[PDB]
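Enquirer: mmCIF, C-alpha atoms, saved as data10.cif, coming up:
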```cif
data_structure
loop_
_atom_site.label_atom_id
_atom_site.label_comp_id
_atom_site.auth_asym_id
_atom_site.auth_seq_id
_atom_site.Cartn_x
_atom_site.Cartn_y
_atom_site.Cartn_z
CA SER J 810 0.00 0.00 0.00
CA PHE J 811 2.57 2.51 1.17
CA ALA J 812 5.94 0.83 0.48
CA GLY J 813 5.43 0.63 -3.27
CA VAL J 814 7.64 3.77 -3.38
CA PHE J 815 10.92 1.92 -3.09
CA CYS J 816 9.50 -0.87 -5.28
CA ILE J 817 9.39 1.73 -8.02
CA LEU J 818 12.60 3.46 -6.90
CA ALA J 819 15.06 0.58 -7.10
CA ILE J 820 13.61 -0.61 -10.40
CA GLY J 821 14.15 2.95 -11.61
CA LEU J 822 17.76 2.72 -10.49
CA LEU J 823 17.88 -0.57 -12.39
CA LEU J 824 16.73 1.42 -15.41
CA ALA J 825 19.46 3.92 -14.49
CA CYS J 826 22.05 1.14 -14.71
CA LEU J 827 21.69 -0.07 -18.32
CA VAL J 828 22.15 3.21 -20.17
CA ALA J 829 25.13 4.00 -17.92
CA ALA J 830 26.54 0.54 -18.68
CA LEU J 831 26.21 1.37 -22.37
CA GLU J 832 27.42 4.99 -22.02
CA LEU J 833 30.66 4.36 -20.14
CA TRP J 834 31.25 1.38 -22.43
CA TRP J 835 30.80 3.75 -25.37
CA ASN J 836 33.43 5.85 -23.63
CA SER J 837 35.40 2.59 -23.65
CA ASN J 838 34.40 2.27 -27.32
CA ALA S 609 15.47 9.83 -27.33
CA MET S 610 16.29 7.87 -24.19
CA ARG S 611 15.48 11.11 -22.33
CA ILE S 612 11.90 9.84 -22.38
CA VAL S 613 12.20 6.27 -21.01
CA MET S 614 12.96 6.95 -17.36
CA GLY S 615 10.42 9.76 -17.42
CA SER S 616 7.92 7.08 -18.33
CA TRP S 617 8.61 5.58 -14.90
CA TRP S 618 7.51 8.58 -12.80
CA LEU S 619 4.11 7.82 -14.42
CA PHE S 620 2.97 4.88 -12.33
CA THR S 621 4.20 6.43 -9.09
CA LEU S 622 1.77 9.25 -9.63
CA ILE S 623 -0.88 6.80 -10.89
CA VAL S 624 -0.85 5.24 -7.45
CA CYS S 625 -0.74 8.73 -5.95
CA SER S 626 -3.92 9.47 -7.88
CA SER S 627 -5.39 6.22 -6.73
CA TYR S 628 -5.01 6.30 -2.95
CA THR S 629 -6.20 9.90 -2.91
CA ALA S 630 -9.14 8.82 -5.04
CA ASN S 631 -10.16 5.89 -2.87
CA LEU S 632 -10.24 6.37 0.84
CA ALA S 633 -11.75 9.84 0.97
CA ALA S 634 -14.92 8.23 -0.37
CA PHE S 635 -15.11 5.64 2.39
CA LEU S 636 -15.69 8.04 5.30
CA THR S 637 -19.47 7.54 5.19
CA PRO S 644 -18.76 7.59 14.51
CA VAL S 645 -22.55 7.48 14.98
CA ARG S 646 -25.32 7.48 12.38
CA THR S 647 -28.43 6.68 14.46
CA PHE S 648 -31.18 9.19 15.21
CA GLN S 649 -34.16 7.13 16.48
CA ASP S 650 -34.97 4.18 18.72
CA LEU S 651 -35.05 1.68 15.85
CA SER S 652 -31.87 3.35 14.59
CA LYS S 653 -30.14 3.09 18.00
CA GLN S 654 -31.01 -0.63 18.25
CA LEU S 655 -27.56 -1.55 16.90
#
```
As a first step, turn the structure in this file into structure tokens.
Expert:
Amino acid sequence: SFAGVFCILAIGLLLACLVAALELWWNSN
Amino acid sequence: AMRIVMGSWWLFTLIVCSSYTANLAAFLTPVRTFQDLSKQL
């Protein structure tokens, strides 16, 4: 009911991981 | 481009924020008895 907040938050940080994993690898590219 | 994707996540947050505000303010209708047959319960 009320702790869905972090259930969205950490999945949003998981979405924040992939494009950074492709961006710093493009810096490695 | 990919500016948009993570912004599509702050959607469902606020969907739930719409939803809890929508719901429980309805449910508030503590005594409602004004007569003898009312005040039986």
Enquirer: What residues come out when you apply the PyMOL selection byres ((chain S and resi 621-630) around 12) to this file, written as a ChimeraX atom specification?
Expert: /J:810-818,820-821 /S:615-620,631-635
Enquirer: Quick one, how far is atom CA of residue S:614 from atom CA of residue J:834?
Expert: 19.8 Å
Enquirer: Mind pulling up the distance from atom CA of residue S:610 to atom CA of residue J:836?
Expert: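 One can read the atom CA of residue J:836 to atom CA of residue S:610 distance as 17.3 Å.
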Enquirer: To one decimal in Å, tell me the separation between atom CA of residue J:837 and atom CA of residue J:819.
Expert: 26.3 Å
Enquirer: Counting only C-alpha atoms, which of S:637, S:654, S:613, S:648 gets nearest to chain J?
Expert: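 Answer, going by the shortest atom-to-atom distance: S:613.
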Enquirer: Model the absent atoms of chain J so that N, CA and C atoms are present, and write the result as a PDB file, in the frame of the given file.
Expert:
```pdb
ATOM      1  N   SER J 810       0.826  -1.195   0.000  1.00  0.00           N
ATOM      2  CA  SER J 810       0.000   0.000   0.000  1.00  0.00           C
ATOM      3  C   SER J 810       0.862   1.247   0.000  1.00  0.00           C
ATOM      4  N   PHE J 811       1.793   1.308   0.942  1.00  0.00           N
ATOM      5  CA  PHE J 811       2.570   2.510   1.170  1.00  0.00           C
ATOM      6  C   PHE J 811       4.051   2.338   0.895  1.00  0.00           C
ATOM      7  N   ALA J 812       4.538   1.103   0.770  1.00  0.00           N
ATOM      8  CA  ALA J 812       5.940   0.830   0.480  1.00  0.00           C
ATOM      9  C   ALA J 812       6.173   0.429  -0.964  1.00  0.00           C
ATOM     10  N   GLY J 813       5.200   0.683  -1.838  1.00  0.00           N
ATOM     11  CA  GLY J 813       5.430   0.630  -3.270  1.00  0.00           C
ATOM     12  C   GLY J 813       6.456   1.626  -3.777  1.00  0.00           C
ATOM     13  N   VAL J 814       6.700   2.708  -3.016  1.00  0.00           N
ATOM     14  CA  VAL J 814       7.640   3.770  -3.380  1.00  0.00           C
ATOM     15  C   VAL J 814       9.008   3.204  -3.738  1.00  0.00           C
ATOM     16  N   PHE J 815       9.587   2.430  -2.829  1.00  0.00           N
ATOM     17  CA  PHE J 815      10.920   1.920  -3.090  1.00  0.00           C
ATOM     18  C   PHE J 815      10.877   0.763  -4.087  1.00  0.00           C
ATOM     19  N   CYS J 816       9.715   0.110  -4.223  1.00  0.00           N
ATOM     20  CA  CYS J 816       9.500  -0.870  -5.280  1.00  0.00           C
ATOM     21  C   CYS J 816       9.495  -0.233  -6.659  1.00  0.00           C
ATOM     22  N   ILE J 817       9.184   1.054  -6.754  1.00  0.00           N
ATOM     23  CA  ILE J 817       9.390   1.730  -8.020  1.00  0.00           C
ATOM     24  C   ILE J 817      10.806   2.291  -8.090  1.00  0.00           C
ATOM     25  N   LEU J 818      11.347   2.715  -6.944  1.00  0.00           N
ATOM     26  CA  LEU J 818      12.600   3.460  -6.900  1.00  0.00           C
ATOM     27  C   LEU J 818      13.776   2.601  -7.345  1.00  0.00           C
ATOM     28  N   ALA J 819      13.889   1.392  -6.796  1.00  0.00           N
ATOM     29  CA  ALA J 819      15.060   0.580  -7.100  1.00  0.00           C
ATOM     30  C   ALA J 819      14.978   0.009  -8.508  1.00  0.00           C
ATOM     31  N   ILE J 820      13.765  -0.211  -9.011  1.00  0.00           N
ATOM     32  CA  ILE J 820      13.610  -0.610 -10.400  1.00  0.00           C
ATOM     33  C   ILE J 820      13.953   0.566 -11.319  1.00  0.00           C
ATOM     34  N   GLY J 821      13.679   1.795 -10.879  1.00  0.00           N
ATOM     35  CA  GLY J 821      14.150   2.950 -11.610  1.00  0.00           C
ATOM     36  C   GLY J 821      15.658   3.108 -11.596  1.00  0.00           C
ATOM     37  N   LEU J 822      16.299   2.749 -10.490  1.00  0.00           N
ATOM     38  CA  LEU J 822      17.760   2.720 -10.490  1.00  0.00           C
ATOM     39  C   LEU J 822      18.296   1.585 -11.348  1.00  0.00           C
ATOM     40  N   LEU J 823      17.543   0.493 -11.450  1.00  0.00           N
ATOM     41  CA  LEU J 823      17.880  -0.570 -12.390  1.00  0.00           C
ATOM     42  C   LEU J 823      17.771  -0.088 -13.826  1.00  0.00           C
ATOM     43  N   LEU J 824      16.795   0.773 -14.103  1.00  0.00           N
ATOM     44  CA  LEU J 824      16.730   1.420 -15.410  1.00  0.00           C
ATOM     45  C   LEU J 824      17.830   2.463 -15.572  1.00  0.00           C
ATOM     46  N   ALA J 825      18.310   3.021 -14.463  1.00  0.00           N
ATOM     47  CA  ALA J 825      19.460   3.920 -14.490  1.00  0.00           C
ATOM     48  C   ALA J 825      20.779   3.189 -14.675  1.00  0.00           C
ATOM     49  N   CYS J 826      20.791   1.864 -14.566  1.00  0.00           N
ATOM     50  CA  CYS J 826      22.050   1.140 -14.710  1.00  0.00           C
ATOM     51  C   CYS J 826      22.400   0.829 -16.159  1.00  0.00           C
ATOM     52  N   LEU J 827      21.409   0.487 -16.992  1.00  0.00           N
ATOM     53  CA  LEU J 827      21.690  -0.070 -18.320  1.00  0.00           C
ATOM     54  C   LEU J 827      22.261   0.977 -19.266  1.00  0.00           C
ATOM     55  N   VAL J 828      21.645   2.161 -19.304  1.00  0.00           N
ATOM     56  CA  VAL J 828      22.150   3.210 -20.170  1.00  0.00           C
ATOM     57  C   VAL J 828      23.493   3.751 -19.682  1.00  0.00           C
ATOM     58  N   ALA J 829      23.785   3.650 -18.381  1.00  0.00           N
ATOM     59  CA  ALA J 829      25.130   4.000 -17.920  1.00  0.00           C
ATOM     60  C   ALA J 829      26.135   2.915 -18.276  1.00  0.00           C
ATOM     61  N   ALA J 830      25.691   1.654 -18.288  1.00  0.00           N
ATOM     62  CA  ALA J 830      26.540   0.540 -18.680  1.00  0.00           C
ATOM     63  C   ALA J 830      26.823   0.571 -20.173  1.00  0.00           C
ATOM     64  N   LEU J 831      25.961   1.223 -20.946  1.00  0.00           N
ATOM     65  CA  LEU J 831      26.210   1.370 -22.370  1.00  0.00           C
ATOM     66  C   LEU J 831      26.952   2.676 -22.660  1.00  0.00           C
ATOM     67  N   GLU J 832      26.804   3.688 -21.797  1.00  0.00           N
ATOM     68  CA  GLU J 832      27.420   4.990 -22.020  1.00  0.00           C
ATOM     69  C   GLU J 832      28.901   4.968 -21.668  1.00  0.00           C
ATOM     70  N   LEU J 833      29.248   4.461 -20.480  1.00  0.00           N
ATOM     71  CA  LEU J 833      30.660   4.360 -20.140  1.00  0.00           C
ATOM     72  C   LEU J 833      31.374   3.293 -20.960  1.00  0.00           C
ATOM     73  N   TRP J 834      30.647   2.295 -21.465  1.00  0.00           N
ATOM     74  CA  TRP J 834      31.250   1.380 -22.430  1.00  0.00           C
ATOM     75  C   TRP J 834      31.426   2.031 -23.796  1.00  0.00           C
ATOM     76  N   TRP J 835      30.555   2.972 -24.166  1.00  0.00           N
ATOM     77  CA  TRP J 835      30.800   3.750 -25.370  1.00  0.00           C
ATOM     78  C   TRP J 835      31.971   4.702 -25.184  1.00  0.00           C
ATOM     79  N   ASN J 836      32.198   5.144 -23.948  1.00  0.00           N
ATOM     80  CA  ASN J 836      33.430   5.850 -23.630  1.00  0.00           C
ATOM     81  C   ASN J 836      34.625   4.905 -23.700  1.00  0.00           C
ATOM     82  N   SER J 837      34.411   3.626 -23.386  1.00  0.00           N
ATOM     83  CA  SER J 837      35.400   2.590 -23.650  1.00  0.00           C
ATOM     84  C   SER J 837      35.447   2.194 -25.116  1.00  0.00           C
ATOM     85  N   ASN J 838      34.379   2.452 -25.869  1.00  0.00           N
ATOM     86  CA  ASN J 838      34.400   2.270 -27.320  1.00  0.00           C
ATOM     87  C   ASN J 838      35.062   3.472 -27.984  1.00  0.00           C
TER      88      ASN J 838
END
```
